[PDB]
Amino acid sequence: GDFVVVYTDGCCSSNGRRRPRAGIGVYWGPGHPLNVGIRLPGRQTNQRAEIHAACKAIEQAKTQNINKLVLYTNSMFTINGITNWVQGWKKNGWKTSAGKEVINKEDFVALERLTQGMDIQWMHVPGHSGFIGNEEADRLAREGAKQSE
């Protein structure tokens, strides 16, 4: 009704190896025309793919005039980054607790921008758990990673 459920995933074959390929998947439901599986731009890593899958879902929601989302992801790094860490980063100059610069600053800046004006329930997909929407987003992400950058 009021909120719309979306599943997101970012994947990266060869994460940490010499030829990484990162993809994003966004799943709105069976046959939904906004389902996407696309290649990630920029540095090819799992963490950026997980962040940008969430960004893509929010961007798409705004094109549909949706401002209330239930956004699933398996990435607690993405969830805790956007719900807890970016507030402190804006306040301290984007330094980690170890005193180093946040590596994916520009990705979290992009995500934070996209969350303005949105009500999002950020939902962690529990390990295993048989959520078909999560497996569908994962398959879309793997399709995207096979596409050209």
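Heads up: residue numbers just count along the shown sequence, starting at 1.
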query: 46-54 versus 64-72 - which carries the larger mean C-alpha B factor in the record; finding: 64-72
query: Which of 4-12 and 139-147 has higher mean CA B factor, as the PDB entry lists it; finding: 139-147
query: C-alpha B-factor winner, where the candidates are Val102, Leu40, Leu114, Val36; finding: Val36
query: Relative C-alpha B-factor of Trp94, binned into the chain's lowest, middle or highest third; finding: highest
query: Chain third (lowest, middle, highest) by recorded CA B-factor, residue given as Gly29; finding: highest
